[PDB]
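Working notes, beginning with the structure itself.
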Amino acid sequence: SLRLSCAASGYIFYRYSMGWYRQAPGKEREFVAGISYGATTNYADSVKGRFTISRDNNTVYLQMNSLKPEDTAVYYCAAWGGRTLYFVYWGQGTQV
Amino acid sequence: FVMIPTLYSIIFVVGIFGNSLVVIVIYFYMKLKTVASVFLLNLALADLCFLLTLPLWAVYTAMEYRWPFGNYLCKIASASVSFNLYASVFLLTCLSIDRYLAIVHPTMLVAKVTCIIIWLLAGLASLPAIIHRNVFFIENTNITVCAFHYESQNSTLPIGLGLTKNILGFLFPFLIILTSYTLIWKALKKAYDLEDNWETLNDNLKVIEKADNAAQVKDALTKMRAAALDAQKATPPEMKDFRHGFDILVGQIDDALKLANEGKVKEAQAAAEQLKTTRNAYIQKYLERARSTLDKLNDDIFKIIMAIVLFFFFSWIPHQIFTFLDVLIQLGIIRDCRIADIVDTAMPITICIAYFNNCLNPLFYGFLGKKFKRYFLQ
Amino acid sequence: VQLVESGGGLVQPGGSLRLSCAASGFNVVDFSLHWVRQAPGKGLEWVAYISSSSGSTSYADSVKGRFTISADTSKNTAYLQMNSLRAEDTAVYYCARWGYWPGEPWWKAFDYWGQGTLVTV
Amino acid sequence: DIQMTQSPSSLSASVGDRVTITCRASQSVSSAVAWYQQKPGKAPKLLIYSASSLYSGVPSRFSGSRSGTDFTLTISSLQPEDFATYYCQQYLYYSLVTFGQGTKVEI
Ligand SMILES: CCCc1nc(C(C)(C)O)c(C(=O)O)n1Cc1ccc(-c2ccccc2-c2nnn[nH]2)cc1
Ligand SMILES: CC(C)CCC[C@@H](C)[C@H]1CC[C@H]2[C@@H]3CC=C4C[C@@H](O)CC[C@]4(C)[C@H]3CC[C@]12C
């Protein structure tokens with residue numbers, strides 16, 4: 001059971017949703033988890049039960065339970081938001 | 001929200017119609033025989049290029065911020081909007097410089113090369129809108145948006161994008177507009193000082209030949225000498241020719257002033273009429289250059305360019321202010337949730353006022369310019 | 001360069017008095033010598049002037065018809081002849097220098113004033 | 001017959017203070033206005049000519065300005081020897097010389 005962490009402070013973390021994206025071998029960078037400033041979790045249905053994202057007070061943590069070989073990839077922690085003009089911040093990319 | 005699609009639609013229709021008319025008239029009847037016409041033609045072309053992709057943003061805002069046009073069209077539309085801003089800015093700066101040169105220092109190859117360079121520089125300054133602008137499926141939902149992407153290394157990129165707008169779109173260009181229009185005002189001041197002073201010298205010269213007493217002649221020569229001294233100071237923006245022109249002139253008012261002091265009206269009026277010979281030999285060549293500079297302000301192209309320059313920077317003032325507030329928030333200089341929400345809720349409104357000038361630039365031709373021949377012919 | 005007054009003093013009202021404006025340095029032909037009088041406790045008032053280059057004598061309305069100003073090129077002096085002196089002419093008389101128009105000397109107004117002489121009626 | 005008017009008839013200031021004297025002409029005389037300093041019992045001395053130029057051998061603290069018809073004399077830093085009477089003269093022509101009423105500077 002691993003656990004990934006992503007720190008982003010300042011402009012981010014109080015107006016942009018934070019979450020994780022995984023670069024699967026299919027090369028698509030699909031959605032994994034996402035938490036908003038209202039603490040509304042939203043995970044992909046493929047990993048809905050296994051993972052559990054968590055927001056702190058300016059770091060977001062992703063909790064992993066099963067860790068099947070189907071989820072072995074590089075995880076980018078994004079940060080997306082903006083009511084009218086949309087901005088996306090991408091993480092460095094951590095391999096598991 | 002709900003007026004942004006409607007404002008964008010009316011901008012699109014009015015601007016495309018007006019800019020098509022402007023391009024047609026400038027290229028057909030004005031025939032690009034003036035440098036200001038080449039820059040105005042390029043401004044109209046840039047406005048048309050912007051308005052071509054404008055309907056995409058109208059529907060994109062209309063369908064609750066959903067982008068069905070694809071990543072390529074997202075990149076192209078963002079690049080077109082940024083290109084419109086920067087190209088219009090640079091063309092207005094060059095128009096102001098050209099107006100300053102025409103007013104103060106009375107060239108198609110350099111004009112066209114400058115237009116090409118301006119288009120290339122505006123395209124290069126819109127490169128971030130091409131690189132960091134991709135469609136983004138919001139989480140696992142089907143909603144797609146044309147978002148601005150960043151990276152971990154490019155954490156200061158949002159500062160760079162916001163500061164580039166303020167500096168390369170408002171700050172530096174507004175200095176050149178101020179610099180050019182201040183030197184235009186300085187030249188128009190000394191062109192009017194020489195013209196107004198000579199009118200006082202010329203108005204009282206009619207009084208001398210009309211009056212028939214020593215008192216009225218001496219009082220007329222008194223106001224002619226003060227005007228001649230003032231006019232000698234209004235040196236047009238070669239130096240001795242202007243100064244020696246009035247050294248002879250005031251020397252003839254004195255000779256007429258010391259003849260009216262003896263009660264000799266016949267010699268006071270005869271010597272007063274000798275100022276005609278000095279005017280033509282030395283001064284008349286400068287009253288024409290003062291009149292030619294002074295009536296160029298009456299040219300309708302000067303009104304059009306000044307109106308376009310004045311409204312463009314005034315319409316972009318609200319957006320550059322909120323852009324500067326946004327970059328301060330990103331820097332953390334301003335740390336308050338109350339201020340941030342005002343900036344976020346006003347950015348779409350200011351971004352619409354900023355680009356409203358694309359549909360008003362053609363209308364400045366009808367209002368300011370009196371040469372709306374083809375606007376009635378067509 | 002200095003202007004010195006002479007001939008001032010106490011004279012009876014209605015008499016005739018002549019003032020002098022002997023000068024050293026410059027030449028009288030190059031400058032116009034003016035006369036400015038200052039009443040005791042009052043300000044300066046322009047009285048008369050001469051242009052020895054051509055002859056352009058002028059007077060203020062308060063002194064015109066009585067005062068007479070003349071200059072001597074050989075003596076480099078300017079003479080002011082006063083006639084019909086009344087109780088209003090008792091003032092300190094200054095002889096001032098003023099250049100001719102072409103150039104900066106004109107723009108420099110009275111700059112080398114006389115030492116000042118007292119005239120009492 | 002251009003008439004010169006000096007509103008500040010009497011001014012009181014200490015050493016090192018800033019004193020401003022204004023002058024107005026009846027007609028639109030050009031920048032032909034001279035400022036003079038007259039100590040009691042002494043002939044006036046030219047300070048400012050052409051309404052802006054500073055006469056040779058005069059301290060730079062004296063400043064002359066013109067605003068159309070309004071002529072202004074200014075002293076940046078007052079001095080113990082700067083307490084005298086100042087006159088405003090328009091010299092548009094030889095026969096058209098009129099001086100101001102005169103302003104006295106006190107301690
Ligand atoms: C003519 C305005 C176009 C427009 N309106 C809106 C909204 C908020 C719906 O009103 C949006 C939007 O959703 O971002 N857009 C796209 C856009 C905006 C600014 C710019 C822009 C303007 C000046 C300078 C730079 C940019 C830029 N470049 N890259 N990203 N923004 C480019 C594209
Ligand atoms: C206030 C914001 C919205 C700008 C709108 C006004 C601009 C576009 C226009 C409207 C009226 C225009 C003025 C109308 C008349 C003249 C006189 C002319 O001899 C010089 C230009 C000048 C002075 C114009 C300058 C530009 C102008 C001020």
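Identifiers for the structure tokens are assigned positionally: chains receive A, B, ... in sequence, residues are indexed from 1 per chain, and ligands are indexed from 1 in the order shown.
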- Message: Can you work out which residues are within 9 Å of ligand 2, considering only C-alpha atoms and all ligand atoms, and then hand them over as a list in words?
- Response: residues 295, 296, 297, 298, 299, 300, 302, 303, 304, 305, 306, 307, 308, 309, 310, 311, 312, 313, 314, 315, 360, 361, 364, 367 and 368 of chain B
Closest contacts (chain B/ligand 1, max 9 Å, only C-alpha atoms and all ligand atoms) as CSV:
residue,atom,partner,partner_atom_place_in_ligand_line,distance
B:1,CA,ligand 1,9 (C),8.3
B:4,CA,ligand 1,10 (O),6.5
B:5,CA,ligand 1,9 (C),8.4
B:8,CA,ligand 1,1 (C),7.7
B:50,CA,ligand 1,1 (C),7.9
B:51,CA,ligand 1,1 (C),8.5
B:53,CA,ligand 1,1 (C),8.6
B:54,CA,ligand 1,1 (C),6.3
B:56,CA,ligand 1,3 (C),8.8
B:57,CA,ligand 1,3 (C),5.8
B:58,CA,ligand 1,9 (C),7.6
B:60,CA,ligand 1,9 (C),7.1
B:61,CA,ligand 1,9 (C),5.1
B:62,CA,ligand 1,9 (C),8.8
B:65,CA,ligand 1,9 (C),7.1
B:74,CA,ligand 1,16 (C),8.6
B:75,CA,ligand 1,29 (N),8.4
B:77,CA,ligand 1,33 (C),6.6
B:78,CA,ligand 1,33 (C),3.9
B:79,CA,ligand 1,28 (N),6.3
B:80,CA,ligand 1,32 (C),7.4
B:81,CA,ligand 1,32 (C),4.8
B:82,CA,ligand 1,23 (C),4.3
B:83,CA,ligand 1,24 (C),7.8
B:84,CA,ligand 1,23 (C),8.0
B:85,CA,ligand 1,23 (C),5.9
B:86,CA,ligand 1,24 (C),7.8
B:125,CA,ligand 1,25 (C),8.9
B:126,CA,ligand 1,28 (N),6.4
B:127,CA,ligand 1,28 (N),8.0
B:128,CA,ligand 1,29 (N),5.8
B:129,CA,ligand 1,29 (N),3.5
B:130,CA,ligand 1,29 (N),7.3
B:131,CA,ligand 1,29 (N),8.7
B:132,CA,ligand 1,29 (N),7.3
B:133,CA,ligand 1,29 (N),6.6
B:145,CA,ligand 1,13 (O),8.0
B:146,CA,ligand 1,13 (O),6.8
B:147,CA,ligand 1,14 (O),7.3
B:148,CA,ligand 1,30 (N),6.1
B:161,CA,ligand 1,25 (C),7.0
B:162,CA,ligand 1,25 (C),7.8
B:164,CA,ligand 1,24 (C),8.2
B:165,CA,ligand 1,24 (C),5.8
B:169,CA,ligand 1,24 (C),8.3
B:347,CA,ligand 1,8 (C),7.0
B:348,CA,ligand 1,8 (C),4.4
B:349,CA,ligand 1,10 (O),7.0
B:350,CA,ligand 1,10 (O),8.5
B:351,CA,ligand 1,2 (C),5.9
B:352,CA,ligand 1,2 (C),6.1
B:354,CA,ligand 1,1 (C),8.2
B:355,CA,ligand 1,1 (C),5.9
B:356,CA,ligand 1,1 (C),8.6
- Query: For chain B, which residues have at least one atom within 8 Å of chain C, if we go by only C-alpha atoms? Write them as an MDAnalysis selection string, please.
  - Reply: chainID B and resid 247 251 258 261
Just the selected residues (N, CA and C atoms), exported as an mmCIF file, in the first residue's frame, please.
data_model
loop_
_atom_site.group_PDB
_atom_site.id
_atom_site.type_symbol
_atom_site.label_atom_id
_atom_site.label_comp_id
_atom_site.auth_asym_id
_atom_site.auth_seq_id
_atom_site.Cartn_x
_atom_site.Cartn_y
_atom_site.Cartn_z
ATOM 1 N N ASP B 247 14.622 90.283 -36.160
ATOM 2 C CA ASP B 247 15.496 91.390 -35.790
ATOM 3 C C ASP B 247 15.324 92.555 -36.753
ATOM 4 N N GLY B 251 13.030 96.044 -35.821
ATOM 5 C CA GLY B 251 13.750 97.264 -36.133
ATOM 6 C C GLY B 251 12.966 98.236 -36.987
ATOM 7 N N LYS B 258 9.227 105.573 -33.415
ATOM 8 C CA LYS B 258 9.863 106.862 -33.176
ATOM 9 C C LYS B 258 9.470 107.909 -34.207
ATOM 10 N N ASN B 261 5.858 108.978 -32.438
ATOM 11 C CA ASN B 261 6.083 109.763 -31.230
ATOM 12 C C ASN B 261 6.256 111.244 -31.530
#
Distance filter 12 Å, only C-alpha atoms, chain B against chain D, as a PDB file with N, CA and C atoms, in the first residue's frame:
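Just written: selection.pdb:
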ATOM      1  N   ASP B 193       1.909  79.320 -31.855  1.00  0.00           N
ATOM      2  CA  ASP B 193       2.463  80.532 -31.263  1.00  0.00           C
ATOM      3  C   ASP B 193       2.923  81.507 -32.339  1.00  0.00           C
ATOM      4  N   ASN B 197       0.689  84.907 -32.876  1.00  0.00           N
ATOM      5  CA  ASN B 197       1.399  86.167 -32.680  1.00  0.00           C
ATOM      6  C   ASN B 197       1.408  87.000 -33.954  1.00  0.00           C
ATOM      7  N   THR B 200      -1.858  88.841 -34.431  1.00  0.00           N
ATOM      8  CA  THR B 200      -1.882  90.070 -33.647  1.00  0.00           C
ATOM      9  C   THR B 200      -1.037  91.151 -34.309  1.00  0.00           C
ATOM     10  N   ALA B 215      -2.028 109.068 -31.889  1.00  0.00           N
ATOM     11  CA  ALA B 215      -2.319 108.251 -30.715  1.00  0.00           C
ATOM     12  C   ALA B 215      -2.698 106.826 -31.101  1.00  0.00           C
ATOM     13  N   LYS B 218       0.470 104.862 -32.474  1.00  0.00           N
ATOM     14  CA  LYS B 218       1.410 104.453 -31.435  1.00  0.00           C
ATOM     15  C   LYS B 218       0.860 103.293 -30.615  1.00  0.00           C
ATOM     16  N   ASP B 219      -0.439 103.320 -30.305  1.00  0.00           N
ATOM     17  CA  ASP B 219      -1.041 102.210 -29.574  1.00  0.00           C
ATOM     18  C   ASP B 219      -1.072 100.937 -30.409  1.00  0.00           C
ATOM     19  N   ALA B 220      -1.175 101.065 -31.734  1.00  0.00           N
ATOM     20  CA  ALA B 220      -1.152  99.888 -32.594  1.00  0.00           C
ATOM     21  C   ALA B 220       0.256  99.323 -32.719  1.00  0.00           C
ATOM     22  N   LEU B 221       1.260 100.194 -32.832  1.00  0.00           N
ATOM     23  CA  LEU B 221       2.638  99.725 -32.918  1.00  0.00           C
ATOM     24  C   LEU B 221       3.105  99.103 -31.611  1.00  0.00           C
ATOM     25  N   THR B 222       2.520  99.513 -30.485  1.00  0.00           N
ATOM     26  CA  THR B 222       2.891  98.930 -29.199  1.00  0.00           C
ATOM     27  C   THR B 222       2.543  97.449 -29.144  1.00  0.00           C
ATOM     28  N   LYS B 223       1.360  97.080 -29.641  1.00  0.00           N
ATOM     29  CA  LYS B 223       0.950  95.682 -29.658  1.00  0.00           C
ATOM     30  C   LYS B 223       1.559  94.906 -30.815  1.00  0.00           C
ATOM     31  N   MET B 224       2.086  95.596 -31.827  1.00  0.00           N
ATOM     32  CA  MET B 224       2.832  94.920 -32.879  1.00  0.00           C
ATOM     33  C   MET B 224       4.244  94.571 -32.438  1.00  0.00           C
ATOM     34  N   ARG B 225       4.859  95.407 -31.601  1.00  0.00           N
ATOM     35  CA  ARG B 225       6.209  95.119 -31.132  1.00  0.00           C
ATOM     36  C   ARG B 225       6.212  93.966 -30.140  1.00  0.00           C
ATOM     37  N   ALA B 226       5.204  93.904 -29.269  1.00  0.00           N
ATOM     38  CA  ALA B 226       5.115  92.803 -28.319  1.00  0.00           C
ATOM     39  C   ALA B 226       4.824  91.483 -29.017  1.00  0.00           C
ATOM     40  N   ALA B 227       4.049  91.517 -30.102  1.00  0.00           N
ATOM     41  CA  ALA B 227       3.777  90.300 -30.859  1.00  0.00           C
ATOM     42  C   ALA B 227       4.993  89.869 -31.667  1.00  0.00           C
ATOM     43  N   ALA B 228       5.750  90.831 -32.198  1.00  0.00           N
ATOM     44  CA  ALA B 228       6.956  90.496 -32.945  1.00  0.00           C
ATOM     45  C   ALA B 228       8.010  89.870 -32.044  1.00  0.00           C
ATOM     46  N   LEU B 229       8.129  90.357 -30.807  1.00  0.00           N
ATOM     47  CA  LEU B 229       9.061  89.752 -29.861  1.00  0.00           C
ATOM     48  C   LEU B 229       8.620  88.346 -29.473  1.00  0.00           C
ATOM     49  N   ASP B 230       7.318  88.151 -29.251  1.00  0.00           N
ATOM     50  CA  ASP B 230       6.810  86.824 -28.916  1.00  0.00           C
ATOM     51  C   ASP B 230       6.990  85.850 -30.073  1.00  0.00           C
ATOM     52  N   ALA B 231       6.723  86.300 -31.301  1.00  0.00           N
ATOM     53  CA  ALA B 231       6.858  85.421 -32.458  1.00  0.00           C
ATOM     54  C   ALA B 231       8.302  84.997 -32.677  1.00  0.00           C
ATOM     55  N   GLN B 232       9.260  85.874 -32.364  1.00  0.00           N
ATOM     56  CA  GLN B 232      10.668  85.529 -32.523  1.00  0.00           C
ATOM     57  C   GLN B 232      11.074  84.388 -31.600  1.00  0.00           C
ATOM     58  N   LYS B 233      10.366  84.215 -30.484  1.00  0.00           N
ATOM     59  CA  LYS B 233      10.658  83.118 -29.571  1.00  0.00           C
ATOM     60  C   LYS B 233      10.128  81.786 -30.083  1.00  0.00           C
ATOM     61  N   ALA B 234       9.030  81.803 -30.839  1.00  0.00           N
ATOM     62  CA  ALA B 234       8.399  80.581 -31.336  1.00  0.00           C
ATOM     63  C   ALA B 234       9.204  80.029 -32.511  1.00  0.00           C
ATOM     64  N   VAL B 250      11.388  93.883 -35.942  1.00  0.00           N
ATOM     65  CA  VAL B 250      11.221  94.763 -34.788  1.00  0.00           C
ATOM     66  C   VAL B 250      11.983  96.064 -34.995  1.00  0.00           C
ATOM     67  N   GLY B 251      13.030  96.044 -35.821  1.00  0.00           N
ATOM     68  CA  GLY B 251      13.750  97.264 -36.133  1.00  0.00           C
ATOM     69  C   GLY B 251      12.966  98.236 -36.987  1.00  0.00           C
ATOM     70  N   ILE B 253       9.456  98.344 -36.674  1.00  0.00           N
ATOM     71  CA  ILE B 253       8.429  98.832 -35.760  1.00  0.00           C
ATOM     72  C   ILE B 253       8.982  99.963 -34.904  1.00  0.00           C
ATOM     73  N   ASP B 254      10.246  99.853 -34.489  1.00  0.00           N
ATOM     74  CA  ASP B 254      10.872 100.928 -33.726  1.00  0.00           C
ATOM     75  C   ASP B 254      10.997 102.196 -34.559  1.00  0.00           C
ATOM     76  N   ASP B 255      11.407 102.064 -35.822  1.00  0.00           N
ATOM     77  CA  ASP B 255      11.500 103.232 -36.693  1.00  0.00           C
ATOM     78  C   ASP B 255      10.132 103.858 -36.919  1.00  0.00           C
ATOM     79  N   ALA B 256       9.085 103.035 -36.975  1.00  0.00           N
ATOM     80  CA  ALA B 256       7.729 103.561 -37.038  1.00  0.00           C
ATOM     81  C   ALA B 256       7.254 104.067 -35.684  1.00  0.00           C
ATOM     82  N   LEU B 257       7.780 103.507 -34.592  1.00  0.00           N
ATOM     83  CA  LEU B 257       7.386 103.967 -33.265  1.00  0.00           C
ATOM     84  C   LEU B 257       8.020 105.307 -32.921  1.00  0.00           C
ATOM     85  N   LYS B 258       9.227 105.573 -33.415  1.00  0.00           N
ATOM     86  CA  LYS B 258       9.863 106.862 -33.176  1.00  0.00           C
ATOM     87  C   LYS B 258       9.470 107.909 -34.207  1.00  0.00           C
ATOM     88  N   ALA B 260       5.880 107.962 -34.986  1.00  0.00           N
ATOM     89  CA  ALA B 260       4.582 108.282 -34.409  1.00  0.00           C
ATOM     90  C   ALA B 260       4.714 109.084 -33.122  1.00  0.00           C
ATOM     91  N   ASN B 261       5.858 108.978 -32.438  1.00  0.00           N
ATOM     92  CA  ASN B 261       6.083 109.763 -31.230  1.00  0.00           C
ATOM     93  C   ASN B 261       6.256 111.244 -31.530  1.00  0.00           C
ATOM     94  N   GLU B 262       6.575 111.597 -32.772  1.00  0.00           N
ATOM     95  CA  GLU B 262       6.683 112.984 -33.197  1.00  0.00           C
ATOM     96  C   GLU B 262       5.394 113.503 -33.820  1.00  0.00           C
TER      97      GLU B 262
END
- Message: So that I can see what lies close to range 71-88 of chain C, please list as a PyMOL selection string the residues with an atom at most 7 Å from it, counting only C-alpha atoms and leaving out residues fewer than 3 positions away in the same chain.
- Response: chain C and resi 13-23+27-29+52+66-68+121
Using N, CA and C atoms, can you write the selected residues to a file as an mmCIF file, in the first residue's frame?
data_model
loop_
_atom_site.group_PDB
_atom_site.id
_atom_site.type_symbol
_atom_site.label_atom_id
_atom_site.label_comp_id
_atom_site.auth_asym_id
_atom_site.auth_seq_id
_atom_site.Cartn_x
_atom_site.Cartn_y
_atom_site.Cartn_z
ATOM 1 N N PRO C 13 11.397 126.887 -6.957
ATOM 2 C CA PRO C 13 10.354 126.442 -7.889
ATOM 3 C C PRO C 13 10.217 127.400 -9.063
ATOM 4 N N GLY C 14 9.963 126.835 -10.241
ATOM 5 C CA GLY C 14 9.839 127.615 -11.451
ATOM 6 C C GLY C 14 11.146 128.005 -12.105
ATOM 7 N N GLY C 15 12.283 127.595 -11.545
ATOM 8 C CA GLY C 15 13.578 127.920 -12.100
ATOM 9 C C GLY C 15 14.023 126.921 -13.150
ATOM 10 N N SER C 16 15.280 127.067 -13.563
ATOM 11 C CA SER C 16 15.888 126.206 -14.568
ATOM 12 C C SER C 16 17.095 125.504 -13.965
ATOM 13 N N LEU C 17 17.138 124.181 -14.106
ATOM 14 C CA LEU C 17 18.233 123.376 -13.586
ATOM 15 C C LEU C 17 18.662 122.370 -14.643
ATOM 16 N N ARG C 18 19.971 122.154 -14.750
ATOM 17 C CA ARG C 18 20.540 121.212 -15.704
ATOM 18 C C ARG C 18 21.286 120.119 -14.955
ATOM 19 N N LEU C 19 21.004 118.869 -15.307
ATOM 20 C CA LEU C 19 21.670 117.711 -14.733
ATOM 21 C C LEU C 19 22.625 117.105 -15.752
ATOM 22 N N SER C 20 23.640 116.406 -15.251
ATOM 23 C CA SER C 20 24.656 115.788 -16.087
ATOM 24 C C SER C 20 24.708 114.290 -15.821
ATOM 25 N N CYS C 21 25.137 113.542 -16.833
ATOM 26 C CA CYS C 21 25.228 112.086 -16.777
ATOM 27 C C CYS C 21 26.563 111.617 -17.342
ATOM 28 N N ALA C 22 27.652 112.203 -16.845
ATOM 29 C CA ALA C 22 28.983 111.803 -17.283
ATOM 30 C C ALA C 22 29.196 110.313 -17.053
ATOM 31 N N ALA C 23 29.717 109.632 -18.071
ATOM 32 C CA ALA C 23 29.893 108.190 -18.037
ATOM 33 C C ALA C 23 31.296 107.825 -18.496
ATOM 34 N N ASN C 27 30.544 104.006 -24.693
ATOM 35 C CA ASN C 27 30.333 105.243 -25.426
ATOM 36 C C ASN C 27 28.847 105.576 -25.465
ATOM 37 N N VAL C 28 28.546 106.876 -25.419
ATOM 38 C CA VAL C 28 27.156 107.322 -25.392
ATOM 39 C C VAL C 28 26.450 106.992 -26.702
ATOM 40 N N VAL C 29 27.193 106.898 -27.807
ATOM 41 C CA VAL C 29 26.562 106.629 -29.096
ATOM 42 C C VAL C 29 26.007 105.211 -29.153
ATOM 43 N N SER C 52 21.430 109.061 -28.573
ATOM 44 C CA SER C 52 22.454 109.888 -29.200
ATOM 45 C C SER C 52 22.903 109.346 -30.549
ATOM 46 N N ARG C 66 8.288 120.688 -20.698
ATOM 47 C CA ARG C 66 9.148 121.434 -19.791
ATOM 48 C C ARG C 66 10.566 120.889 -19.761
ATOM 49 N N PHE C 67 10.712 119.575 -19.637
ATOM 50 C CA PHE C 67 12.028 118.957 -19.610
ATOM 51 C C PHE C 67 12.631 118.922 -21.009
ATOM 52 N N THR C 68 13.961 118.922 -21.061
ATOM 53 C CA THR C 68 14.694 118.832 -22.319
ATOM 54 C C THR C 68 15.981 118.071 -22.062
ATOM 55 N N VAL C 121 12.878 121.266 -4.800
ATOM 56 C CA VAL C 121 12.312 122.537 -5.232
ATOM 57 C C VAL C 121 11.967 123.400 -4.025
#
